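In what follows, a single structure is set out as structure tokens and then discussed.
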Amino acid sequence: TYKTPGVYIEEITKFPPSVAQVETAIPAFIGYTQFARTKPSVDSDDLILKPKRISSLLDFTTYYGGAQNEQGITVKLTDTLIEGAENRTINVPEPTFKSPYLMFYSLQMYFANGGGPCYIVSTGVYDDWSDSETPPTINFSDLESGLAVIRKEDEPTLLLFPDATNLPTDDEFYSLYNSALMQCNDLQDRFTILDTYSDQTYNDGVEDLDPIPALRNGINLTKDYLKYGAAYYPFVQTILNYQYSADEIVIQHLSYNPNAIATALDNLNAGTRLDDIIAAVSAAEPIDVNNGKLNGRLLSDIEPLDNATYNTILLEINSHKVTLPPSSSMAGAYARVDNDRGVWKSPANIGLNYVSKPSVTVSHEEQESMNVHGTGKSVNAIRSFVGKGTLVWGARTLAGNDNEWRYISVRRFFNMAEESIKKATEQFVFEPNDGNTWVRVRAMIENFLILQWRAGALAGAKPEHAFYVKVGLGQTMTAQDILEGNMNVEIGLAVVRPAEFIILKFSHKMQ
Amino acid sequence: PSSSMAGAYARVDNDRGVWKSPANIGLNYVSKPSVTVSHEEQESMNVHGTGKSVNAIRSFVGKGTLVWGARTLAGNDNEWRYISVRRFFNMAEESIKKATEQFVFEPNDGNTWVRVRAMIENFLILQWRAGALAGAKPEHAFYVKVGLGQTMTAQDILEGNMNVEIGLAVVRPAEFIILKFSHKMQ
Amino acid sequence: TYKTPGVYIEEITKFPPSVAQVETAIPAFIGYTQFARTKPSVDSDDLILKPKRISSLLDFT
Amino acid sequence: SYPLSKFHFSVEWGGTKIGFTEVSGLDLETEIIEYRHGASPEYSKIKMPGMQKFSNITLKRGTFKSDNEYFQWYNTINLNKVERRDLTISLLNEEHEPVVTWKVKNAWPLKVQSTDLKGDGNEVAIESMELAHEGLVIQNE
Amino acid sequence: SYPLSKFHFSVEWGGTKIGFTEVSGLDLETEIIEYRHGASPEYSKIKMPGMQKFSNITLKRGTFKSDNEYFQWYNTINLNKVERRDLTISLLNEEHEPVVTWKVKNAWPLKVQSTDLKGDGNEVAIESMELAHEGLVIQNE
Amino acid sequence: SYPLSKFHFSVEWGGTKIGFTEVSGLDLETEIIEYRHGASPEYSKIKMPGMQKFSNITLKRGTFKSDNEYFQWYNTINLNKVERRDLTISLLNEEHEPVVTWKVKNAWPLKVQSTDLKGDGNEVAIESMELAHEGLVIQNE
Amino acid sequence: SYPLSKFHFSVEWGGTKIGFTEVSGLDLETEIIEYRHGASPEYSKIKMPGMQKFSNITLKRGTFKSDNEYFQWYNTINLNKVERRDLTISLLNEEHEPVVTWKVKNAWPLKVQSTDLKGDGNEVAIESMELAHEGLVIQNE
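Take a look at the structure:
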């Protein structure tokens, strides 16, 4: 609210914004938020299980809030002498206890990589911490509820779960993904993006398990379901920071020349209960033989004592970055390819934005079992290339040995074409079932396919070699279908598949 | 020394520019500092636990009385500890708002957003050309952003607000030079 | 760490430094060191089996 | 799937009106530096970029009663001083919003040309202006 | 809401008549001075205004019995002396009043061109004059 | 694989500005001593190096309001005394960093030349200076 | 941010008029003294300032009826006596005020040159003068 016409000046720190226009790659994201409201001034959460469409990160923030503050950051400062000179080191370790809520960070990566409008489904709001070593948990039943809700929406094409890797067990994780694949099979218009449970060996509570075999045994559905999704490995390191407050951070201070107790006494000595405190404290001077002046204080309480320490520590805290599963980055990448090259091209050999590096290095030889395997349950790799950065390498589905459906771009092209055609055919639903209708429907479908051919989506020198459409009594329908009100239309398409291998050969030129 | 320093600030802005530190300046009409400050005595003036730095006036042989040091009262501030950074920003901000006042009662729509953006970028290009900003090309020196879905929402359009975001790459000075000597040998 | 602006003087003995720009001849060297760390103030050796790229002898040290 | 047309546009130049009949000269150009040493197996030269140039911009409009702006801007020239302006040229969509924008730095007028008069001149009197400038940026998002 | 036409006008030049067939050359022009110092980050030049120029003015009319005025004015030239005149050119409204006026200082004639003759020349004999001058001011209120 | 261009450079001479229009005279020269004794089978001379010379350096810049530095340096001459300076000339890359540096010892000015004035002189007023020095070292690493 | 032009100036020389076509010769020059003793490790000389010189100043103007001033000043020479004058040359701004001033002490004329005559000489008759002087000071504040 401003009252005087004119120009106002503010000073802030942030990353610049990014938006995009996307028609064919709209994801839904199911998970936890800070709050969920329809108006800025309400007495409750209005949107907990209500899908909402968001155009940009600002719209998200407006109704759902930001990230949860981390409560696992500690600081250790040590004072020593070098040939009689003072020298100190400030060390801020990576936290071992982190907030389990990743939707905010996930969306930042999505928009950074070119994503457009999307659907948000809340499952609840962020819970609190029990202690500095005891974080909130993720409730499996809340994610199932959100999935049941999105099932009633028509617009979404991709399904993602930003907080699935934080579920208490791997069994719950795999169960959630099996349900998502089954939903895609029943609706015939969706595709899922999958992560491993962890990018490192995980502890089952009874055994040490390797993440790739884990996922392969975890997802046990057949061909009909596997054709509707794909998986990526490893996790990636981003350039995003952590959200925190100096009020929650405590400093340990060690010194070659201790003075924590003496400091407390000088201040305490500066009524009956005050005397008891001082005596109790002075008794400890013989005990403390390691701690310096700042030991035990919070960052926000030492700035006036030494703002060089305060500022140095904040700078060190800022050097720690966020690590994420790659699924939201891939949803972003899918949108970029559809806009620049088309849905019929493979979503691979794509650079990712805001990625420093893969968390795990994958060698050439190590990928052979990821691309080709006896089970067909292929995994695509994220790899670092010299002079190029982090690229998506490979584009197969979870049915990698399927002669018709092994490539992602074939499955996605068909889903697109099928959706567009049925929208076009709905205008004829209550028309008479006769020759006049059969001709109108056929002509409409062929015109659509001619345009797809003209744009280079279909194979063939002329439309006659790219597709066919058939309808008629004695061809696709019988007398019984006419009596029951059925209409049968048959369509066939010629679709182009990519090359994967290039072999070079060298020799010594001779006559 | 405060009136002498106001004079000195004006000289630097005219000969070198507002983005250069107001230090290593000789003062006119000054015989000497009233109190001598040694090298060691200044260590606690430039760097201190509270950040409340004090600049020193010192006498140099063959040079006369010089201004030594150019920090603000927030000396441990990673963004604002130098005087020349704070002053450069105040200058740039004042010049830009004078330029934006011509658009105050214009319609809040795409045609205006484009005109405002273009005007601001032209100003910043000239500052870059003159050497005030860091970067090989303007693309590395600054950015300007405005738009619905980027800086504004539907609610801002309804209330008549317009949001413009600007970022700048600014150069900071070196303070210490260390020389090392040895006996040359094969 | 220095606190007063100005020129400091030190006296040392050493061979002068040398650097070069090379694109086609990058070696790897495998062996033992005094320590192996990513930061000057750590409680352990961080880099024992981690490859690192070095531009000059000062970076190595 | 279709290209843009060339007849719906606007020009912001600091004047009262933004409608023009014709706009031309929005060009960018770079010089070439050539080289060959005597021992080369090829008998042609290697090329690299030199210094940069910009073209002058021409604007055309119809003459209207009580609008003397071309003259008034031109008449701000005083020995080496002139009022310099930021020139924004934009190609519009069906909502009358910008699609393609040409941003021009530090423009001022080299020349102002008036209309000819004819006894049988059954047409509109058109005036024109030629502008110097120091740089062009093209935006199409 | 409509622009001015180009066929109703008059010229005051000190002669007996004010009707002309054609008027052209009412132009203004300024020179450019360019500069670049070697340390600049930009690889192009900065521009500023130089000296000013004016174009010559051409007037065309039909030949009439007993009117020898083009010649008589031209014939006032005597070594470096000539009769100089104030030339006023005006574009008229429906009441035959001025709308746009071009004011020209110190004019005199550089050349007078006569008509060609043809056996099958079924047309009007047109004479013309070219004038030098020292300055132009444009008024449109 | 490509040679350096000659238009992006800077000069450090103790003045307020480092931009110049033109720099020339960065030369090195050695004398020859010749000899032949009468009994030699060859009828030509043997050659060896003599004493060394340096050329004067010329700097050219445009005249600006309130900058009188060429004059002020020249005016430090007092019988045999003058302010001597270290002159550093550098050819720059795309990051505006040095590539080739010419280091000049003990420079001072022999002469300062002002601009000519012309009534039709539609151009920039350029001043120039000529410098004496005691030695040149060339660095290109 | 822009340099000064070279066409707007005035000259005060004690005459009735201050307008000139051309002004040149505003130079300053110093001699060099060189030295080397035989034991020096360097095989080149050390340099220091010598005595000073000034150039003559040339002024050019068009010939006008009844103005004989170049001649009248020249004709004040009588054996070793001459009228000496203070010469002030100034480069002007847009308000016609001084920007850069050249101050010249004790000037008098060495020579006066008249115009050539030609039957087909379609141009202005220009006279010129060359002046001796004893010193030049340059002011630019």
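Protein chains in written order, with the entry's author numbering: chain 4F, 3 to 272, 450 to 690; chain 3A, 505 to 690; chain 3F, 3 to 63; chain 4a, 2 to 142; chain 4b, 2 to 142; chain 3a, 2 to 142; chain 3b, 2 to 142.
Note that CB positions come from ideal geometry on N, CA and C, so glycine has one too.
Among the options, the one whose alpha carbon lies nearest that of residue i
i, options, result
"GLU174 (chain 4F)", "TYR204 (chain 4F), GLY220 (chain 4F) and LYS78 (chain 4F)", "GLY220 (chain 4F)"
"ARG39 (chain 3F)", "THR26 (chain 3F), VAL24 (chain 3F), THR3 (chain 3F) and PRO53 (chain 3F)", "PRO53 (chain 3F)"
"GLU70 (chain 3b)", "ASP87 (chain 3b), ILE58 (chain 3b), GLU23 (chain 3b) and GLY15 (chain 3b)", "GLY15 (chain 3b)"
"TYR128 (chain 4F)", "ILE263 (chain 4F), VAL539 (chain 4F) and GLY67 (chain 4F)", "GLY67 (chain 4F)"
"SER147 (chain 4F)", "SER181 (chain 4F), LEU160 (chain 4F) and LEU453 (chain 4F)", "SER181 (chain 4F)"
"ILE496 (chain 4F)", "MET509 (chain 4F), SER508 (chain 4F), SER507 (chain 4F) and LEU478 (chain 4F)", "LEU478 (chain 4F)"
"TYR3 (chain 3a)", "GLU124 (chain 4a), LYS18 (chain 4a), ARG37 (chain 4a) and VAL125 (chain 4a)", "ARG37 (chain 4a)"
"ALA640 (chain 4F)", "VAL674 (chain 4F), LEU683 (chain 4F), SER507 (chain 4F) and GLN185 (chain 4F)", "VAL674 (chain 4F)"
"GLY74 (chain 4F)", "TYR112 (chain 4F), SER177 (chain 4F) and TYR246 (chain 4F)", "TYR246 (chain 4F)"
"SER6 (chain 3a)", "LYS54 (chain 3a), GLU30 (chain 3a), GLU128 (chain 3a) and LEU92 (chain 3a)", "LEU92 (chain 3a)"
Span separating the alpha-carbon of residue i from that of residue j
i, j, result
"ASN81 (chain 3a)", "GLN114 (chain 3a)", "21 Å"
"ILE457 (chain 4F)", "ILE466 (chain 4F)", "15 Å"
"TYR230 (chain 4F)", "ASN559 (chain 4F)", "15 Å"
"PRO102 (chain 4F)", "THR15 (chain 4F)", "25 Å"
"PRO95 (chain 4F)", "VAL77 (chain 4F)", "7 Å"
"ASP201 (chain 4F)", "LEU104 (chain 4F)", "16 Å"
"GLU142 (chain 3a)", "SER11 (chain 3b)", "52 Å"
"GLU13 (chain 4a)", "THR89 (chain 4a)", "5 Å"
"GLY136 (chain 3b)", "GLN73 (chain 3a)", "16 Å"
"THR116 (chain 3a)", "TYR533 (chain 4F)", "57 Å"
"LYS5 (chain 3F)", "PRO18 (chain 3F)", "28 Å"
"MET595 (chain 3A)", "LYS66 (chain 3a)", "23 Å"
"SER46 (chain 4F)", "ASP130 (chain 4F)", "18 Å"
"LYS61 (chain 4b)", "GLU23 (chain 4b)", "5 Å"
"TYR489 (chain 4F)", "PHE564 (chain 4F)", "39 Å"
"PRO137 (chain 4F)", "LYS100 (chain 4F)", "7 Å"
Short Cβ contact (8 Å threshold) for residue i with residue j
i, j, result
"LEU60 (chain 4F)", "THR657 (chain 3A)", "yes"
"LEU183 (chain 4F)", "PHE163 (chain 4F)", "no"
"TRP109 (chain 4b)", "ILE139 (chain 4b)", "no"
"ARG55 (chain 4F)", "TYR121 (chain 4F)", "yes"
Residues that residue i contacts on chain 3F, provided the C-beta gap is smaller than 9 Å
i, result
"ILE92 (chain 4F)", "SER43"
"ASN550 (chain 3A)", "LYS5, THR6 and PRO7"
Listed by chain order, chain 3a residues near residue i by CB distance under 8 Å
i, result
"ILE34 (chain 4a)", "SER6"
"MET52 (chain 4a)", "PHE8"
Where residue i meets chain 4a, residues with beta-carbon distance less than 9 Å
i, result
"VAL650 (chain 3A)", "Going along chain 4a, no residue has its Cβ under 9 Å from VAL650 (chain 3A), so there is no contact; the nearest lies around 12 Å."
"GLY653 (chain 3A)", "Neighbours of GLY653 (chain 3A) on chain 4a: none; closest Cβ ~12 Å, over 9 Å."
Under 8 Å from the C-beta of residue i: neighbouring residues of chain 4b
i, result
"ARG633 (chain 3A)", "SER41, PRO42 and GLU43"
"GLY120 (chain 4a)", "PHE8, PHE21, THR22 and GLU23"
Chain 4b residues whose Cβ lies nearer than 9 Å to that of residue i
i, result
"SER11 (chain 3a)", "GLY39 and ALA40"
Proximal chain 4b residues relative to residue i, where beta-carbon distance stays under 7 Å
i, result
"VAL113 (chain 4a)", "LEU29"
"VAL125 (chain 3a)", "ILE34 and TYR36"
Closer than 7 Å at the beta carbon, the chain 3b residues around residue i
i, result
"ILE47 (chain 4b)", "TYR3"
Partner residues on chain 3A for residue i, Cβ-Cβ distance less than 9 Å
i, result
"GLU70 (chain 4a)", "Result: empty, since nearest Cβ-Cβ is about 17 Å, beyond 9 Å."
Chain-ordered neighbours of residue i on chain 4a, where CB pairs are closer than 8 Å
i, result
"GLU95 (chain 3b)", "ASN79, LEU80, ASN81 and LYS82"
Distance cut-off 7 Å: residue i Cβ against heavy atoms of the ligand SAM
i, result
"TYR75 (chain 4b)", "The ligand SAM is not part of the structure shown, which contains no ligands of any sort."
Under 8 Å by beta carbon: chain 3F residues contacting residue i
i, result
"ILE681 (chain 3A)", "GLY8, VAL9 and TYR10"
Neighbour list for residue i in chain 3b, Cβ cutoff strictly below 8 Å
i, result
"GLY63 (chain 3a)", "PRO4 and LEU5"
* Asked: Between the stretch 75 to 93 of chain 4b and chain 4a, which residues of the former have a C-beta closer than 7 Å to a C-beta of the latter?
  -> none
* Output, in sequence order along the chain, the residues in the stretch 73 to 100 of chain 4F whose CB is closer than 8 Å to any CB in chain 3A. => none
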